[PDB]
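Readers should treat all values here as calculations from the given coordinates under stated rules, not as data from a laboratory. Backbone-built Cβ (ideal geometry, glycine too); neighbour counts: all protein chains shown.
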Amino acid sequence: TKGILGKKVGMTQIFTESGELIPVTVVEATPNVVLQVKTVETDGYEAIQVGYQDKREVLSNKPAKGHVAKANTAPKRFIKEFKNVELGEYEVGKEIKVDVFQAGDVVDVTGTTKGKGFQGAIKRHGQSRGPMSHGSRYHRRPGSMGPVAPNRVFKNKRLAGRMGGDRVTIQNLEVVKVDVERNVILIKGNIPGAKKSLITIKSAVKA
Amino acid sequence: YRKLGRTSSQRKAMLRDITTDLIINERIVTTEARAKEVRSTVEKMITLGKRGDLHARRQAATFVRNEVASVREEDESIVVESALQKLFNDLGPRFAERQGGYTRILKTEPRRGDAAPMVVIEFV
Amino acid sequence: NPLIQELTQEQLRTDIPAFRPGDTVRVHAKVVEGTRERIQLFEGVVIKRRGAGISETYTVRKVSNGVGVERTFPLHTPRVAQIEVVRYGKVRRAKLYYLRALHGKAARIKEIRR
Amino acid sequence: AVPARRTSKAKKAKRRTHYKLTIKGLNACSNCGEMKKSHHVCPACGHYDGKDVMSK
Amino acid sequence: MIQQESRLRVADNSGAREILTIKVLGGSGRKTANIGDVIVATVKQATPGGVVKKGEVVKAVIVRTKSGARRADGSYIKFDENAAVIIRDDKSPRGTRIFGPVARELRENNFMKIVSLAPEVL
RNA sequence: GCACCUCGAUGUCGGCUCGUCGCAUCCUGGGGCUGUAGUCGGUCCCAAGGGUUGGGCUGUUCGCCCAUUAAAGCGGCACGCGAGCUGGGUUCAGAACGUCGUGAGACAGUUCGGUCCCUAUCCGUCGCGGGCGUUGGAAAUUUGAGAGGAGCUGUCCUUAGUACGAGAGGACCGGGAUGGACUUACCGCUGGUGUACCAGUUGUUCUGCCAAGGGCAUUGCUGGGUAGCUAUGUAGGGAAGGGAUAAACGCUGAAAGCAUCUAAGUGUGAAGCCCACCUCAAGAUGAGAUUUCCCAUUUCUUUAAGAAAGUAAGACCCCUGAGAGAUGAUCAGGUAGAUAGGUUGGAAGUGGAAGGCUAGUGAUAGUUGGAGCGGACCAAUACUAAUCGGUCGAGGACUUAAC
RNA sequence: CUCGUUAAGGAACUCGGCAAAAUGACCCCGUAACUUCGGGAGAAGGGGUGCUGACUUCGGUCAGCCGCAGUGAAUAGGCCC
Ligand SMILES: [Zn+2]
């Protein structure tokens, strides 16, 4: 249905009408452009291809310019597909701007979490330590690997490894304010990801 | 900002020495990590040498090494210049009208006993 | 930074008098007791101020009935109505955390004209 | 922990297939022709970027 | 935050001075208590004479903690002490006098007989 | 009970860390009977999705006690887990008590003390790359065969002091609010840290002296604190639904003129099952789909899916890096340039610089002046360094059919 | 592995406060039961400490000044039943 792509700027505060303080996250989204329309006769399902964030032109190649030429735009940096939206009602060239949402509008928000590197079982999985005194030599370790009988370790025995960097969505957040001349949405709470990272905002699945 | 294999006071000693060299010599051979950290420190000294006043002089004198000479000078005496005196009489007036960027690095070769990549860092 | 300051600019208060940690202050808070609106007053010494923007706060220390009380406020809430400077103090630092372990006469701050 | 069986010639050599050397970007000097590492000074003649550098 | 084996002063006229916390009623593994929360405790130090004698198991409500409370408008309050008031199983003080100042959260939790006798209500 | 197994070695119990499976079910869900008025209960049937607490005393399981909870289940896994921890206990050498023995000594009697080694080859488990394949060479967007996560539950308010009942007492079925434990992100707030940030102060030594500073003493010590990483901080979540079923309950109905849920026909029905929500996924050798980009030299073994050479679209080596990181990979850039350093303004932070002046016998104070300084943060600016270059990379098989 | 700091709580840890943290110098005041009359005893528990000037009988005392902190670093008993 409704849905837009933008970038993450940062967090701030705001007072409401009644005079309550509320933490917020600024998202900036210049106008998105519809590049392609997928149908059942051609593709086998129904969707919409959207682009965001204009790109300098030494940085693209000839196949990309050909794909962006039928829509009369500059080459884009981020291209996603938006599903479950009554097609009609849409055509290549159209611009989706932030006034698609209004204040209220419980929404879903997705991103890619920050990266953290190679991490141990205690930080990565919330596992608890061993004792720090009393003759102990077992501080920061992942536990026993299993029982003796099967002569092997089972799967989903959790260990150390690379942490972060996965996609995550958070459900049922509120739009606090929409500003049109600046292409800005204010969302109540915190979102996943670092600064300048891609963010997607859709109307909520659980309604 | 690059720990360089040293503790906190040995890093400071080593940088204070390598930037007082290159004030005295104007061209030096070193490894590649040290040269980057040093480009930063030396240009911070030159923009105090261009400021000129007493407060700037005493700010620099916390960082430039003291009992070192830099002499190509004799009218008729043994008249010594002090490597802080050179900073304030010679190198500041040289770069008067240039904005930042008073140095440059070139890459040469790995050292024989080490394979450490070496580098020349000079002024103009 | 400048995209955030622009959005939050139109919500900063302009009637805020100048004060430092060390000065004494009367805050004119607002309380809601059921449907009634009413105003309290909270008099004490400013001991903290940590800042930059709409996110600025300060805190005030008081001794009520033999127990010490601290109350932190944002600088720009509309739920305060008045900040009045009563005295000026002579102080040598920014965080007066050493006041929270003294009592009576040892916790005295000298005055100063400004 | 101790090796329970010796390793044969085929498995040793299959381990050792990612254990080689590389000789990366080598170009020809613009001033004197001979080969040299890119973004480095030319060791044969001391010229980098069309000028003389290891001289006074 | 107040947990098992924390010690509280008594802000009451009941004959108790110090109290040791035994449980943090409400839940099944809950850790900490706050301002307006009910507790089970031991009397550790009494006063010579008094309705309440030392060694007794009794209930009390927390006012006045060090790590204090937070209000909806963005403001905070903190005290220099931890204190409690011994309670009579339908929220009435077993004494007749509260000492010292009291947090305003005791209204929302409906200890209205206690908010009548406190000297100051912050 | 037996003595097949292991004596050129298969390390005991409780606790810790990490769990997994059965169901003879401890709670929560659905039911039939009651010596079921209501509120609570007894017992039997279906059900393994999730849940199942902190202390005191003992080396202790076991057990008793205290305070809570919806509840404080019972078993298997070498009575799970010592090349993962502990070594309190049992079972080495010392010493003592009761007791037995002429004695040396002895006791599932007791007491105080008492050495636990290992640099991971193979399979396995968690993460991360290179090679080739997917039948011209490439840049992007994707469907979903499969798979994994998640799955708990309390109190109040209303219906209503209504049904029920002499009274005491007190509902089903609905609607609304707010919690506990657990968990996914994040640094605006409250705090933690913050060894190239600011200030105060002791001893001694150096910059020739005074003033002003540097070195060392755990960062010498003490008071604050930016970015980054963080919880005890802040936001969210387990929402509502559909389908086929278990116990149970039918509707219509004969065999067997009646009766009967069943044989033919036809329904209802659970926290369970398949979807619904989140994440991974075409090496799914059954290797899928859509949009865009690029189009022919030389000798012949013989003309063949032939070899070799230069190229297109595109890619890489090499260099500046960080929102990324063990390395490699990923992402932002390479003068068609803000990629990193420097410079010029700013900010957080500290809290009033140096040099002079004025008032003091002095220690010091006031003033010039919210001063000076300022890692990582914010804008602008080609001043230095991303120079010059090289490498790889298509020419698209055959059969049948319809057009 | 060896070090430094930590909100709120403060032995809830474990066979056992193991290991850490806390006390620590000099001057002054004070100090129980018990006892072989020597002890117990540094019992316990409290106060002072920098810098300038004046007087200093002598040893110190008064007036003033500065900081969160004056044995401003390093070195040095935890105690009780
Ligand atoms: Zn050359």
Loop-located GluC sites (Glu not before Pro) in the range A:73-125, at most 13 other Cβ atoms within 10 Å (DSSP): A:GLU86, A:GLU89, A:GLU91
Spelling it out for B:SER70: with amide H atoms placed in the peptide plane at 1.01 Å from N, the residues 5 or more places away or on another chain with amide H under 5 Å from its amide H are B:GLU81, B:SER82, B:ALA83
With charges only on Cβ, +1 for K and R and -1 for D and E, what is the dipole size of the range B:63-124 about its Cα centre, in debye, rounded to 20? 540 debye
Summing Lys, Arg as +1 and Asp, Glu as -1, what charge do residues with Cβ under 10 Å from the Cβ of E:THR47 carry, E:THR47 excluded? +3
List the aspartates and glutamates whose alpha-carbon lies under 13 Å from that of B:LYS3, not counting same-chain residues fewer than 8 positions away? B:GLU37
Likely footprinting exposure, A:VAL92, D:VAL2, fewest C-beta neighbours within 10 Å first: D:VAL2, A:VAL92
For residues of A:9-19, the mean tally of beta carbons on other chains within 10 Å: 5
Under the rule rounded for a/c under 1.5, else prolate if a/b exceeds b/c, else oblate, using alpha carbon gyration tensor axes a ≥ b ≥ c, chain E is classed as oblate
Under 5 Å, built H, 5+ apart or other chain: amide partners of C:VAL69: C:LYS62, C:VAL63, C:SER64
Kindly write out, for the range E:75-84 in residue order, the coupling ³J(HN,Hα) from the Karplus curve 6.51 cos²θ - 1.76 cosθ + 1.60 (θ = phi - 60°), rounded to whole Hz, with x marking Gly and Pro. 9, 10, 9, 9, 10, 8, 9, 10, 9, 9
The range E:30-76-the range C:35-92 distance, computed between alpha-carbon centres (Å): 27 Å
Report the residues of the range A:173-207 in range of a label on A:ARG56: point 7 Å along Cα→C-beta, backbone N strictly under 20 Å from it. A:196-197
Within 10 Å of each Cβ of C:76-82, how many other protein chain Cβ atoms are there on average? 4
Calculate, for E:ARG70 and A:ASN190, the FRET efficiency according to 1/(1 + (r/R0)^6) with r their C-beta to C-beta distance and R0 25 Å; round to the nearest 0.05. 0.90
If a/c stays under 1.5 just call it rounded; otherwise compare a/b with b/c (prolate if a/b is bigger, oblate if not). Do that for chain A, with a ≥ b ≥ c from the square roots of the Cα gyration tensor eigenvalues. prolate
Using a simple charge model, +1 on the beta-carbon of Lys and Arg, -1 on the beta-carbon of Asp and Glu, nothing else, what dipole does the protein assembly as shown show about its Cα centre, in debye to the nearest 20? 3520 debye
Return the FRET efficiency for the residue pair C:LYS48, A:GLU95: r is the Cβ-Cβ distance, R0 is 56 Å, and the value is rounded to the nearest 0.05. 0.70
In the range D:2-56, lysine pairs with alpha-carbon atoms under 17 angstrom apart (chain gap of 8 or more, or interchain): 6
Separation between Cα centres of the range A:145-177 and the range A:59-116, rounded to whole Å: 30 Å
If you take every residue apart from C:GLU37 with its C-beta less than 13 Å away from the C-beta of C:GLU37, what net charge results, scoring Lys and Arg +1 and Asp and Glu -1? +3
Spin-label model distance (nm) - C:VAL85 vs E:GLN45, 7 Å beyond Cα toward Cβ: 4.4 nm
What ranking of A:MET163, D:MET35 emerges when the number of other C-beta atoms within 10 Å of each C-beta is taken as an exposure proxy, fewest first? D:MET35, A:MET163
Would you mind ranking D:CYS29, D:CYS42 so that the residue whose beta carbon has the fewest other beta carbons within 10 Å leads the list? D:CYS29, D:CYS42
Chain B: calculated mean residue ellipticity at 222 nm from DSSP helix runs of at least 4, using -39500 (n - 2.57): -9500 deg cm²/dmol
Note, ³J(HN,Hα) from phi for the range A:142-159, Karplus 6.51, -1.76, 1.60, rounded to Hz, x at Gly and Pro: x, x, 6, 7, x, x, 7, 4, x, 6, 4, 9, 6, 7, 6, 5, 8, 9
HN-Hα J in Hz across the range B:52-57 - Karplus 6.51, -1.76, 1.60, θ = phi - 60°, x for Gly and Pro: x, 7, 5, 5, 5, 4
